[PDB]
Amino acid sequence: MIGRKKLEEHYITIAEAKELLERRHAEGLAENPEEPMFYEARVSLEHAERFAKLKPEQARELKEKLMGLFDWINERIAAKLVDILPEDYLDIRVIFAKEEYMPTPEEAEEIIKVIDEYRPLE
């Protein structure tokens, strides 16, 4: 356990984490201790730079929208959906294969359509 008690936790996208990692990095610029990021944290930063497929803000918004789409999409699954950005039914299948409930073709297409916005275009 970190600290005395955990009061709150959220599942976060790679895109959101990219923003936070860059913040941590830029804090150093910290002078008195400088405070370098340890090796795997810097590795994490690089990975996140490469694999954040959305901008920080559109990632959040898409995460919220996917959550409000079905009860069986919780925060972890929505964050995964955002990170992966599934294109078709096969992508949805593998994401949900080990989950509580498996989206039928139709609800799968609803997700894909919601995710069909936000898709980078560039």
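Numbers for residues come from their place in the sequence shown, where the first is 1.
Higher mean CA B-factor, judged across 37-45 and 80-88 from the recorded values: 80-88. Averaged over Cα atoms, the B-factor as recorded in the entry is higher for 27-35 than for the other of 27-35 and 64-72.
Split the chain's modelled residues into thirds by C-alpha temperature factor. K53 is in the middle one. Per the PDB record, residue ranking by Cα B-factor puts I14 in the lowest third of the chain. When all modelled residues of the chain are sorted by CA temperature factor, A108 is found within the highest third.
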